[PDB]
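Input: a single structure, listed below in structure tokens.
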Amino acid sequence: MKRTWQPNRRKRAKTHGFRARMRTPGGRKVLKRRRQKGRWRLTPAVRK
Amino acid sequence: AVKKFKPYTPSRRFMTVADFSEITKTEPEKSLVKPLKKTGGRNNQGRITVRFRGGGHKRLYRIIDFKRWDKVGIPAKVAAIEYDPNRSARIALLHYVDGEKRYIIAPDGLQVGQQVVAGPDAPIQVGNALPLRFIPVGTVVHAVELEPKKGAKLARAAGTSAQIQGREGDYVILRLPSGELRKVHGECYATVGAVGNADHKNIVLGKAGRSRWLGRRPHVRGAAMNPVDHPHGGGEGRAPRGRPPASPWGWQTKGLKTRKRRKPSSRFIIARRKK
Amino acid sequence: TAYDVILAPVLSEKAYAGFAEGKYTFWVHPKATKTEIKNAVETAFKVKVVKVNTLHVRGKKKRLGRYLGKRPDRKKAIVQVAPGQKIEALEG
RNA sequence: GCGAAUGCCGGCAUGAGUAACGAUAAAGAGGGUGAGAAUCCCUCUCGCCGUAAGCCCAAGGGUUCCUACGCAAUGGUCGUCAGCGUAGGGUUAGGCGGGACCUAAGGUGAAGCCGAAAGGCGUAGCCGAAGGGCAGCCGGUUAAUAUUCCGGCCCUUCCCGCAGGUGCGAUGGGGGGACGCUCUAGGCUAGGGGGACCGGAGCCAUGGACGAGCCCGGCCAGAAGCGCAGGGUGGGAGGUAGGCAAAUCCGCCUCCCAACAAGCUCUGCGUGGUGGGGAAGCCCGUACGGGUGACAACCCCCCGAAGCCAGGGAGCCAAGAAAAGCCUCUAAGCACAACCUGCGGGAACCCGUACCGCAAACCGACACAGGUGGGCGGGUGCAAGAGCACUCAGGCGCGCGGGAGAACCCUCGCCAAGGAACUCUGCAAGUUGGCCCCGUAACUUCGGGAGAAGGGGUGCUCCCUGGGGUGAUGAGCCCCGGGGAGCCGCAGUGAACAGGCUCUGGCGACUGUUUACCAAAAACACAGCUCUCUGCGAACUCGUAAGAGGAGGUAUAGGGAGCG
RNA sequence: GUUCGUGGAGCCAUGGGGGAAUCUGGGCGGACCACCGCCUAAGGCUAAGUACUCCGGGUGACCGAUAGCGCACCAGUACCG
Ligand SMILES: [Mg+2]
Ligand SMILES: [Mg+2]
Ligand SMILES: [Mg+2]
Ligand SMILES: [Mg+2]
Ligand SMILES: [Mg+2]
Ligand SMILES: [Mg+2]
Ligand SMILES: [Mg+2]
Ligand SMILES: [Mg+2]
Ligand SMILES: [Mg+2]
Ligand SMILES: [Mg+2]
Ligand SMILES: [Mg+2]
Ligand SMILES: [Mg+2]
Ligand SMILES: [Mg+2]
Ligand SMILES: [Mg+2]
Ligand SMILES: [Mg+2]
Ligand SMILES: [Mg+2]
Ligand SMILES: [Mg+2]
Ligand SMILES: [Mg+2]
Ligand SMILES: [Mg+2]
Ligand SMILES: [Mg+2]
Ligand SMILES: [Mg+2]
Ligand SMILES: [Mg+2]
Ligand SMILES: [Mg+2]
Ligand SMILES: [Mg+2]
Ligand SMILES: [Mg+2]
Ligand SMILES: [Mg+2]
Ligand SMILES: [Mg+2]
Ligand SMILES: [Mg+2]
Ligand SMILES: [Mg+2]
Ligand SMILES: [Mg+2]
Ligand SMILES: [Mg+2]
Ligand SMILES: [Mg+2]
Ligand SMILES: [Mg+2]
Ligand SMILES: [Mg+2]
Ligand SMILES: [Mg+2]
Ligand SMILES: [Mg+2]
Ligand SMILES: [Mg+2]
Ligand SMILES: [Mg+2]
Ligand SMILES: [Mg+2]
Ligand SMILES: [Mg+2]
Ligand SMILES: [Mg+2]
Ligand SMILES: [Mg+2]
Ligand SMILES: [Mg+2]
Ligand SMILES: [Mg+2]
Ligand SMILES: [Mg+2]
Ligand SMILES: [Mg+2]
Ligand SMILES: [Mg+2]
Ligand SMILES: [Mg+2]
Ligand SMILES: [Mg+2]
Ligand SMILES: [Mg+2]
Ligand SMILES: [Mg+2]
Ligand SMILES: [Mg+2]
Ligand SMILES: [Mg+2]
Ligand SMILES: [Mg+2]
Ligand SMILES: [Mg+2]
Ligand SMILES: [Mg+2]
Ligand SMILES: [Mg+2]
Ligand SMILES: [Mg+2]
Ligand SMILES: [Mg+2]
Ligand SMILES: [Mg+2]
Ligand SMILES: [Mg+2]
Ligand SMILES: [Mg+2]
Ligand SMILES: [Mg+2]
Ligand SMILES: [Mg+2]
Ligand SMILES: [Mg+2]
Ligand SMILES: [Mg+2]
Ligand SMILES: [Mg+2]
Ligand SMILES: [Mg+2]
Ligand SMILES: [Mg+2]
Ligand SMILES: [Mg+2]
Ligand SMILES: [Mg+2]
Ligand SMILES: [Mg+2]
Ligand SMILES: [Mg+2]
Ligand SMILES: [Mg+2]
Ligand SMILES: [Mg+2]
Ligand SMILES: [Mg+2]
Ligand SMILES: [Mg+2]
Ligand SMILES: [Mg+2]
Ligand SMILES: [Mg+2]
Ligand SMILES: [Mg+2]
Ligand SMILES: [Mg+2]
Ligand SMILES: [Mg+2]
Ligand SMILES: [Mg+2]
């Protein structure tokens, strides 16, 4: 069987990345709620 | 006639293949006037609209120029008859005296090297493009045009041929392969003779493949549905049809004139459908 | 502004094994360029350098107590020097 | 103001020193370190994988890699060990994979269109890859880096100066790049097996044997040139409305000729200047490993690929991408310029590079019996083969063991006589099993049933003989056989991998698909048949609309419904 | 919309159809008519008084680490997805 989380750098970056938020009207809602809540990592960071 | 098979395996006993005898004119295909990739997509921007299309084999589009006023009065030379997976009929790779590559669907009974001209100064032989007022009455004709200078759209399938049934002033009366006596205008172009490949009816697809080769997904029947999707769905052990005849969107599928009644493309027909 | 250059020689055992040849490796500024290092050594050290080769060293995650952090992310360079002359200031 | 809300939070109990300690591949012994050793290091035996339980990459993970010092915590036990903690090092690229090259699905998006706003379509163009193009092979070095560092050797891009030649020159045109599936003829290579030939430290065990005795290795890379095997391409003249033309380029028609060819270009292989490697065994061996035995040998024969020539050839329908580099012709421009080939000198940038990568480091809360893409993946025998059995190189003994050998559970083996009598049912288990040779019915859509059912043989030794391939025509070496004569055992695919069969009905034509994670079916699908609608700005569907699917389709087409 | 939900349904804006006048011209005083009163629509701007506390300070019959904001502590962190 396959588990649910089969990780991928490029799929995670183009799916949950910063511009992947900012090109949508709801991703700006995300980027204005994470700053008010005070998260240190506003976008899930992809390690290089 | 028909390429057949003895039943050496099951799902081969009835599988018949059309005759590939006119295809001997060229074994490869000229890669000059067909560079456009046919983007094969069953759907619009997201939604499957035409249900159960897609799949199948990769197919490359052949750019035809059925606008026969591209070169008026310039003769041609039919040098090849080749296969076309887009249309249902084989096309004619024909050269020009001018020297320009051109793909035209091949009418009934072409050969190699005869002369054909897309102009009004043309005698009656199978292949020429002539206006409908210059088409004689009773002559079978195909690739006719509905409104002038809009290409060629009517009667382009295999074996079909419209026929001139008289004239009414400036509009000519011609019958279509349904049997609908319709008037069109007199300077749109038309290619005489039938299309051919009339063995297209006589082929049998054989197995569940050759639908999945061509790209038709399995068309699931409506009696095995659920009542969420189809009005015919559900029921305990094949319940009978639920008192409509129905499509999956409510409208009745057997005997409903869903044509737009007040369409401005009406008033030209003087008949509807031959029974 | 001279946008200047080399932090320190790495003083490692492979560095001192490259001391016998013309290698003379060192840390650099992390946003440098392999032409800028030749420009840096041939002017700041007044020598002739044939073949610079750089490599990007990732820092190790490191903790002191119960608070986890990481060491910095910094680049290391070697400089293949033209023969005959060498540097006479790096004698560690 | 608490004792109740299967209340919550934190601690501690019962269950209890109980189950378990994680594939039934397997451990034993002697030394060393150490306070402490079944568990750490070394040595001698035994077992397991060996189409992997071995090796190389891309994912993924992010220092887990190496050394030194230690066991606070972790390892289903201990542990001096550790993929555990502290510190110090370690990833070196013009040629490898990406960007400074291009493009497909898709996304963004000048112009334009639509929508209360957020916004949604959308030409040109841009992004977008395990797709195309592009210049690197061999060996050594560290404890940790290697196609990068070094040794040999060969190339590419750009610029500068000189020599020679030319009508040079594009985001423009043109050919090419440019392609399916299956079967495959010829040559070569990777890989592999022998030799009575070459070289090597050794040995004659225990009964026989100083000999065609045993064991190991008999290579790799390599420019120009030369041979072998293929791929591509007709060479000139005129006319021509076309390449949304500007052409000497391309397309078409006239051809004195060549024409299954040859010439000219493009690959692969062998040889090739030369360079590197060079064992098994023996001494020094803590580890690591180092000297070694040489002046090492580096020769011949065969099997032979899915890999290379390759864009080969044949057949079939379901008809099998784009653009860029590069080749050629020109517009504006320039012809003291610009372009091409040589000769010398320079410049070649940013990121990845360690380790695990079919697992203890990836995903599964775990050092989890699960899953994870691509390549090499040996030898011997079973006809063959990635199957089966064993074993090279490589690793591993699975991180709890030691006793006794109760009932009982799982797995496996066997059994007098009956042979399905137990049960809802030959469920399960067992027989048949591989190959060759006779024979094979009812019925039929003439294919099939069918491997029907039933049987006979299979081991080893010797003799004769038909050939085929390489080699030279056979000597040598592999393959397909046939006949005769014997020998042993209960048993001769002597082990392992390998159909129980037939008749009769029901249902579904058949192959296939589904209820991930209790139902693989008489359910779904299917070819085919019938009905109905739609003539195109089609019908129908998504979307408020634009627009898109239909479809760059045309009643022999498309949509819906029903039976199959 | 105003309390106005179609009721006798005014007024304020209008999605559509018809459609003028410029003080002897119009609108309103809740179907409507006459009188009598109020005001000039079909252009635009305007501080002050009013709401709230990221932040600054003072107070509290406010609390005292299971309270108080989720965090008095290196917290929107470790951790889960
Ligand atoms: Mg072209
Ligand atoms: Mg069908
Ligand atoms: Mg159902
Ligand atoms: Mg649904
Ligand atoms: Mg319904
Ligand atoms: Mg680098
Ligand atoms: Mg209590
Ligand atoms: Mg309880
Ligand atoms: Mg509790
Ligand atoms: Mg006890
Ligand atoms: Mg017990
Ligand atoms: Mg008990
Ligand atoms: Mg126990
Ligand atoms: Mg055990
Ligand atoms: Mg022991
Ligand atoms: Mg001991
Ligand atoms: Mg001792
Ligand atoms: Mg032991
Ligand atoms: Mg990675
Ligand atoms: Mg992790
Ligand atoms: Mg660590
Ligand atoms: Mg240590
Ligand atoms: Mg410990
Ligand atoms: Mg422990
Ligand atoms: Mg100690
Ligand atoms: Mg380690
Ligand atoms: Mg460590
Ligand atoms: Mg780019
Ligand atoms: Mg650059
Ligand atoms: Mg691009
Ligand atoms: Mg482009
Ligand atoms: Mg596109
Ligand atoms: Mg797009
Ligand atoms: Mg958009
Ligand atoms: Mg690429
Ligand atoms: Mg590539
Ligand atoms: Mg080098
Ligand atoms: Mg030129
Ligand atoms: Mg060789
Ligand atoms: Mg010898
Ligand atoms: Mg003896
Ligand atoms: Mg040999
Ligand atoms: Mg040998
Ligand atoms: Mg060689
Ligand atoms: Mg071959
Ligand atoms: Mg192109
Ligand atoms: Mg590596
Ligand atoms: Mg390594
Ligand atoms: Mg694998
Ligand atoms: Mg794990
Ligand atoms: Mg374990
Ligand atoms: Mg595991
Ligand atoms: Mg797999
Ligand atoms: Mg045998
Ligand atoms: Mg064999
Ligand atoms: Mg096996
Ligand atoms: Mg071994
Ligand atoms: Mg062990
Ligand atoms: Mg153990
Ligand atoms: Mg264990
Ligand atoms: Mg027992
Ligand atoms: Mg018995
Ligand atoms: Mg018996
Ligand atoms: Mg019974
Ligand atoms: Mg009974
Ligand atoms: Mg059974
Ligand atoms: Mg051969
Ligand atoms: Mg069936
Ligand atoms: Mg299930
Ligand atoms: Mg099941
Ligand atoms: Mg459309
Ligand atoms: Mg139909
Ligand atoms: Mg049915
Ligand atoms: Mg009202
Ligand atoms: Mg009003
Ligand atoms: Mg209005
Ligand atoms: Mg009014
Ligand atoms: Mg009033
Ligand atoms: Mg006013
Ligand atoms: Mg405050
Ligand atoms: Mg608190
Ligand atoms: Mg307290
Ligand atoms: Mg996370």
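Following the order of the structure tokens, first chain is A, next is B, and so on, with residues numbered from 1 inside each chain and ligands from 1 in the order they appear.
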
**OP:** Might you pull out every residue within 12 Å of residue 187 in chain B, with only C-alpha atoms (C1' of nucleotides) counted and same-chain residues fewer than 3 positions away left off, and present them as number ranges by chain?
**Re:** B: 68-69, 119-120, 129-135, 144-150, 170-172, 184, 190

Can you spit out the residues from that selection as a PDB file, in the first residue's frame, using N, CA and C atoms?
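Result file selection-v2.pdb:
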ATOM      1  N   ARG B  68     -11.921  26.992 -51.063  1.00  0.00           N
ATOM      2  CA  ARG B  68     -11.415  26.751 -52.406  1.00  0.00           C
ATOM      3  C   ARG B  68     -11.249  28.029 -53.218  1.00  0.00           C
ATOM      4  N   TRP B  69     -11.559  29.186 -52.638  1.00  0.00           N
ATOM      5  CA  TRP B  69     -11.179  30.474 -53.201  1.00  0.00           C
ATOM      6  C   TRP B  69      -9.799  30.923 -52.745  1.00  0.00           C
ATOM      7  N   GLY B 119     -12.169  26.486 -59.683  1.00  0.00           N
ATOM      8  CA  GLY B 119     -12.652  27.699 -60.291  1.00  0.00           C
ATOM      9  C   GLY B 119     -13.932  27.458 -61.058  1.00  0.00           C
ATOM     10  N   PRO B 120     -14.651  28.536 -61.392  1.00  0.00           N
ATOM     11  CA  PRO B 120     -15.902  28.381 -62.154  1.00  0.00           C
ATOM     12  C   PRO B 120     -15.698  27.882 -63.575  1.00  0.00           C
ATOM     13  N   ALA B 129     -14.256  22.167 -57.765  1.00  0.00           N
ATOM     14  CA  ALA B 129     -15.007  23.051 -56.884  1.00  0.00           C
ATOM     15  C   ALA B 129     -15.705  24.105 -57.732  1.00  0.00           C
ATOM     16  N   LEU B 130     -17.028  24.118 -57.682  1.00  0.00           N
ATOM     17  CA  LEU B 130     -17.862  24.995 -58.487  1.00  0.00           C
ATOM     18  C   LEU B 130     -18.920  25.645 -57.611  1.00  0.00           C
ATOM     19  N   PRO B 131     -19.383  26.839 -57.977  1.00  0.00           N
ATOM     20  CA  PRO B 131     -20.521  27.433 -57.272  1.00  0.00           C
ATOM     21  C   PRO B 131     -21.816  26.694 -57.572  1.00  0.00           C
ATOM     22  N   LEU B 132     -22.768  26.844 -56.645  1.00  0.00           N
ATOM     23  CA  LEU B 132     -23.995  26.051 -56.681  1.00  0.00           C
ATOM     24  C   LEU B 132     -24.911  26.453 -57.829  1.00  0.00           C
ATOM     25  N   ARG B 133     -24.823  27.700 -58.299  1.00  0.00           N
ATOM     26  CA  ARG B 133     -25.581  28.073 -59.486  1.00  0.00           C
ATOM     27  C   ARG B 133     -24.958  27.507 -60.754  1.00  0.00           C
ATOM     28  N   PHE B 134     -23.684  27.120 -60.703  1.00  0.00           N
ATOM     29  CA  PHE B 134     -23.031  26.438 -61.808  1.00  0.00           C
ATOM     30  C   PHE B 134     -23.097  24.923 -61.682  1.00  0.00           C
ATOM     31  N   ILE B 135     -23.494  24.403 -60.526  1.00  0.00           N
ATOM     32  CA  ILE B 135     -23.781  22.967 -60.416  1.00  0.00           C
ATOM     33  C   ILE B 135     -25.064  22.657 -61.177  1.00  0.00           C
ATOM     34  N   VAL B 144     -20.466  21.113 -49.524  1.00  0.00           N
ATOM     35  CA  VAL B 144     -21.173  22.347 -49.832  1.00  0.00           C
ATOM     36  C   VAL B 144     -21.155  23.261 -48.609  1.00  0.00           C
ATOM     37  N   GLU B 145     -21.388  24.546 -48.848  1.00  0.00           N
ATOM     38  CA  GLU B 145     -21.280  25.562 -47.812  1.00  0.00           C
ATOM     39  C   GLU B 145     -22.633  26.215 -47.542  1.00  0.00           C
ATOM     40  N   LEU B 146     -22.917  26.452 -46.259  1.00  0.00           N
ATOM     41  CA  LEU B 146     -24.195  27.006 -45.823  1.00  0.00           C
ATOM     42  C   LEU B 146     -24.311  28.492 -46.159  1.00  0.00           C
ATOM     43  N   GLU B 147     -23.430  29.329 -45.584  1.00  0.00           N
ATOM     44  CA  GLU B 147     -23.383  30.745 -45.952  1.00  0.00           C
ATOM     45  C   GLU B 147     -22.038  31.071 -46.579  1.00  0.00           C
ATOM     46  N   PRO B 148     -22.017  31.849 -47.670  1.00  0.00           N
ATOM     47  CA  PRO B 148     -20.809  31.951 -48.504  1.00  0.00           C
ATOM     48  C   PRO B 148     -19.628  32.608 -47.797  1.00  0.00           C
ATOM     49  N   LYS B 149     -18.426  32.226 -48.253  1.00  0.00           N
ATOM     50  CA  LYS B 149     -17.134  32.651 -47.698  1.00  0.00           C
ATOM     51  C   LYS B 149     -17.009  32.296 -46.214  1.00  0.00           C
ATOM     52  N   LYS B 150     -17.373  31.058 -45.878  1.00  0.00           N
ATOM     53  CA  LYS B 150     -17.223  30.529 -44.524  1.00  0.00           C
ATOM     54  C   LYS B 150     -16.672  29.107 -44.560  1.00  0.00           C
ATOM     55  N   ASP B 170     -32.610  32.891 -56.474  1.00  0.00           N
ATOM     56  CA  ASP B 170     -31.202  33.024 -56.132  1.00  0.00           C
ATOM     57  C   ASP B 170     -30.708  31.927 -55.200  1.00  0.00           C
ATOM     58  N   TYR B 171     -31.600  31.307 -54.435  1.00  0.00           N
ATOM     59  CA  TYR B 171     -31.252  30.200 -53.556  1.00  0.00           C
ATOM     60  C   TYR B 171     -31.506  28.890 -54.283  1.00  0.00           C
ATOM     61  N   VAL B 172     -30.558  27.967 -54.188  1.00  0.00           N
ATOM     62  CA  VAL B 172     -30.689  26.652 -54.800  1.00  0.00           C
ATOM     63  C   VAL B 172     -31.197  25.682 -53.738  1.00  0.00           C
ATOM     64  N   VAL B 184     -29.620  27.021 -50.166  1.00  0.00           N
ATOM     65  CA  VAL B 184     -28.408  27.776 -49.878  1.00  0.00           C
ATOM     66  C   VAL B 184     -28.209  28.810 -50.979  1.00  0.00           C
ATOM     67  N   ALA B 190     -18.541  24.118 -53.930  1.00  0.00           N
ATOM     68  CA  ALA B 190     -19.090  22.772 -53.779  1.00  0.00           C
ATOM     69  C   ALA B 190     -18.298  21.816 -54.653  1.00  0.00           C
TER      70      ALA B 190
END

Original post:
Could you list, as an NGL selection string, all the residues within 12 Å of ligand 29, counting only C-alpha atoms (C1' of nucleotides) and all ligand atoms?
Top reply: :D and (99-100 or 157-158 or 348-350)

I need the residues from that last selection saved to file as a PDB file, in the first residue's frame (with N, CA and C atoms (P, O5', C5', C4', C3', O3' and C1' of nucleotides)), if you can.
ATOM      1  P     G D  99      18.069  23.849 -17.798  1.00  0.00           P
ATOM      2  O5'   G D  99      18.464  25.289 -17.247  1.00  0.00           O
ATOM      3  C5'   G D  99      17.517  26.081 -16.542  1.00  0.00           C
ATOM      4  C4'   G D  99      18.109  27.398 -16.106  1.00  0.00           C
ATOM      5  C3'   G D  99      18.815  28.204 -17.185  1.00  0.00           C
ATOM      6  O3'   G D  99      17.923  28.950 -17.992  1.00  0.00           O
ATOM      7  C1'   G D  99      20.167  28.124 -15.255  1.00  0.00           C
ATOM      8  P     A D 100      18.271  29.218 -19.535  1.00  0.00           P
ATOM      9  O5'   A D 100      19.517  30.212 -19.492  1.00  0.00           O
ATOM     10  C5'   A D 100      19.360  31.563 -19.082  1.00  0.00           C
ATOM     11  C4'   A D 100      20.655  32.332 -19.166  1.00  0.00           C
ATOM     12  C3'   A D 100      21.412  32.235 -20.478  1.00  0.00           C
ATOM     13  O3'   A D 100      20.864  33.048 -21.500  1.00  0.00           O
ATOM     14  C1'   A D 100      22.919  31.958 -18.691  1.00  0.00           C
ATOM     15  P     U D 157      32.901  25.062 -30.679  1.00  0.00           P
ATOM     16  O5'   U D 157      32.402  26.191 -29.673  1.00  0.00           O
ATOM     17  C5'   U D 157      31.059  26.214 -29.214  1.00  0.00           C
ATOM     18  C4'   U D 157      30.868  27.242 -28.130  1.00  0.00           C
ATOM     19  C3'   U D 157      31.430  28.620 -28.427  1.00  0.00           C
ATOM     20  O3'   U D 157      30.581  29.394 -29.256  1.00  0.00           O
ATOM     21  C1'   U D 157      32.050  27.970 -26.240  1.00  0.00           C
ATOM     22  P     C D 158      31.206  30.341 -30.392  1.00  0.00           P
ATOM     23  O5'   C D 158      31.739  31.605 -29.584  1.00  0.00           O
ATOM     24  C5'   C D 158      30.860  32.377 -28.782  1.00  0.00           C
ATOM     25  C4'   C D 158      31.620  33.281 -27.848  1.00  0.00           C
ATOM     26  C3'   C D 158      32.673  34.162 -28.494  1.00  0.00           C
ATOM     27  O3'   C D 158      32.129  35.312 -29.116  1.00  0.00           O
ATOM     28  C1'   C D 158      33.560  33.171 -26.535  1.00  0.00           C
ATOM     29  P     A D 348      38.226  32.287 -15.833  1.00  0.00           P
ATOM     30  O5'   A D 348      37.025  31.433 -16.437  1.00  0.00           O
ATOM     31  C5'   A D 348      35.713  31.971 -16.510  1.00  0.00           C
ATOM     32  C4'   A D 348      34.778  31.054 -17.254  1.00  0.00           C
ATOM     33  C3'   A D 348      34.652  29.640 -16.715  1.00  0.00           C
ATOM     34  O3'   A D 348      33.776  29.566 -15.605  1.00  0.00           O
ATOM     35  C1'   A D 348      34.832  29.598 -19.084  1.00  0.00           C
ATOM     36  P     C D 349      34.336  29.360 -14.114  1.00  0.00           P
ATOM     37  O5'   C D 349      33.430  30.336 -13.239  1.00  0.00           O
ATOM     38  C5'   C D 349      33.451  31.741 -13.454  1.00  0.00           C
ATOM     39  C4'   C D 349      32.059  32.325 -13.464  1.00  0.00           C
ATOM     40  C3'   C D 349      31.057  31.688 -12.515  1.00  0.00           C
ATOM     41  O3'   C D 349      31.190  32.123 -11.176  1.00  0.00           O
ATOM     42  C1'   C D 349      30.058  31.982 -14.640  1.00  0.00           C
ATOM     43  P     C D 350      30.898  31.091  -9.981  1.00  0.00           P
ATOM     44  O5'   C D 350      29.314  31.076  -9.858  1.00  0.00           O
ATOM     45  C5'   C D 350      28.610  32.084  -9.152  1.00  0.00           C
ATOM     46  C4'   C D 350      27.170  31.683  -8.973  1.00  0.00           C
ATOM     47  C3'   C D 350      26.955  30.334  -8.304  1.00  0.00           C
ATOM     48  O3'   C D 350      27.009  30.395  -6.889  1.00  0.00           O
ATOM     49  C1'   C D 350      25.651  30.445 -10.270  1.00  0.00           C
TER      50        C D 350
END

Original post:
Taking the backbone alone, and naming residues the way the document does, which bits of chain C are strand (DSSP E or B) by DSSP, as a PyMOL selection string?
Top reply: chain C and resi 9+26-27+49-57+61-63+68-70+74-81

For N, CA, C and O atoms, I'd like the residues from the last selection saved as a tab-separated table (two decimals), in the first residue's frame.
chain	number	residue	atom	x	y	z
C	9	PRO	N	41.95	31.38	6.78
C	9	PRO	CA	42.30	30.03	6.33
C	9	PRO	C	41.70	28.99	7.26
C	9	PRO	O	41.54	29.23	8.46
C	26	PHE	N	40.95	28.59	2.08
C	26	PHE	CA	40.45	29.53	3.06
C	26	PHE	C	38.94	29.65	2.96
C	26	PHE	O	38.33	29.28	1.96
C	27	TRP	N	38.33	30.19	4.02
C	27	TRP	CA	36.94	30.60	3.93
C	27	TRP	C	36.84	31.92	3.18
C	27	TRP	O	37.80	32.68	3.08
C	49	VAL	N	47.22	33.52	-9.65
C	49	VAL	CA	46.41	32.35	-9.32
C	49	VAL	C	45.87	31.75	-10.61
C	49	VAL	O	45.29	32.46	-11.44
C	50	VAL	N	46.07	30.45	-10.78
C	50	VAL	CA	45.60	29.78	-12.00
C	50	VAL	C	44.13	29.37	-11.86
C	50	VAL	O	43.28	29.82	-12.63
C	51	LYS	N	43.82	28.52	-10.88
C	51	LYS	CA	42.52	27.85	-10.88
C	51	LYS	C	41.89	27.87	-9.49
C	51	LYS	O	42.24	27.04	-8.64
C	52	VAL	N	40.94	28.78	-9.28
C	52	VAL	CA	40.15	28.85	-8.06
C	52	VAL	C	39.06	27.80	-8.15
C	52	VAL	O	38.48	27.60	-9.22
C	53	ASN	N	38.78	27.11	-7.04
C	53	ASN	CA	37.66	26.18	-6.97
C	53	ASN	C	36.96	26.36	-5.63
C	53	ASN	O	37.59	26.22	-4.58
C	54	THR	N	35.66	26.65	-5.67
C	54	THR	CA	34.87	26.92	-4.48
C	54	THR	C	33.89	25.79	-4.20
C	54	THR	O	33.59	24.96	-5.06
C	55	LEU	N	33.39	25.78	-2.97
C	55	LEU	CA	32.40	24.80	-2.52
C	55	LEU	C	31.64	25.39	-1.35
C	55	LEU	O	32.22	26.07	-0.50
C	56	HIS	N	30.34	25.12	-1.31
C	56	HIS	CA	29.42	25.77	-0.36
C	56	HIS	C	29.22	24.84	0.83
C	56	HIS	O	28.64	23.76	0.70
C	57	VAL	N	29.69	25.27	2.00
C	57	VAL	CA	29.62	24.46	3.21
C	57	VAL	C	28.37	24.82	4.00
C	57	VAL	O	28.18	25.97	4.40
C	61	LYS	N	23.66	22.01	12.67
C	61	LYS	CA	22.76	22.40	13.74
C	61	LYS	C	23.41	22.10	15.08
C	61	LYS	O	23.92	21.00	15.32
C	62	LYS	N	23.40	23.09	15.97
C	62	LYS	CA	24.19	22.97	17.19
C	62	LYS	C	23.46	23.66	18.33
C	62	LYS	O	22.80	24.68	18.14
C	63	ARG	N	23.60	23.08	19.53
C	63	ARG	CA	22.88	23.54	20.71
C	63	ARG	C	23.86	23.72	21.87
C	63	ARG	O	24.90	23.07	21.93
C	68	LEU	N	18.07	24.83	20.77
C	68	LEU	CA	18.71	24.34	19.56
C	68	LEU	C	18.81	25.44	18.51
C	68	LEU	O	17.84	26.16	18.25
C	69	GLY	N	20.00	25.57	17.91
C	69	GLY	CA	20.22	26.49	16.82
C	69	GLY	C	21.07	25.88	15.73
C	69	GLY	O	21.04	24.66	15.53
C	70	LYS	N	21.85	26.70	15.02
C	70	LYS	CA	22.71	26.18	13.98
C	70	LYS	C	23.91	27.10	13.79
C	70	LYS	O	23.85	28.30	14.08
C	74	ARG	N	28.49	28.86	5.14
C	74	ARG	CA	29.62	29.63	4.61
C	74	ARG	C	30.40	28.82	3.58
C	74	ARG	O	30.39	27.59	3.57
C	75	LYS	N	31.07	29.56	2.69
C	75	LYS	CA	31.72	29.02	1.51
C	75	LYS	C	33.23	28.91	1.71
C	75	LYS	O	33.84	29.75	2.37
C	76	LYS	N	33.81	27.87	1.12
C	76	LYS	CA	35.24	27.60	1.22
C	76	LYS	C	35.83	27.57	-0.18
C	76	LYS	O	35.19	27.08	-1.11
C	77	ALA	N	37.05	28.08	-0.33
C	77	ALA	CA	37.70	28.17	-1.62
C	77	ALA	C	39.14	27.67	-1.56
C	77	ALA	O	39.84	27.84	-0.55
C	78	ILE	N	39.58	27.07	-2.66
C	78	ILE	CA	40.98	26.72	-2.89
C	78	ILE	C	41.47	27.56	-4.07
C	78	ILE	O	40.69	27.93	-4.95
C	79	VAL	N	42.76	27.87	-4.07
C	79	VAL	CA	43.35	28.68	-5.13
C	79	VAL	C	44.60	28.02	-5.71
C	79	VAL	O	45.66	27.99	-5.08
C	80	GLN	N	44.48	27.47	-6.91
C	80	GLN	CA	45.64	26.93	-7.60
C	80	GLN	C	46.51	28.07	-8.10
C	80	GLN	O	46.13	28.80	-9.02
C	81	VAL	N	47.68	28.22	-7.48
C	81	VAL	CA	48.62	29.32	-7.69
C	81	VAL	C	49.55	28.95	-8.84
C	81	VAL	O	49.89	27.78	-9.03

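Environment of ligand 9, defined as every protein or nucleic acid residue with an atom within 10 Å of it and counting only C-alpha atoms (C1' of nucleotides) and all ligand atoms, comprises residues 8, 9, 10 and 11 of chain D.
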
Subject >> All residues having an atom within 12 Å of ligand 82 (only C-alpha atoms (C1' of nucleotides) and all ligand atoms) as a PyMOL selection string >> reply: chain E and resi 64-67

Subject >> Selected residue of minimal separation from chain D among B:67, B:232, B:267, B:200, counting only C-alpha atoms (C1' of nucleotides) >> reply: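 For chain D, the nearest of the candidates is B:200.
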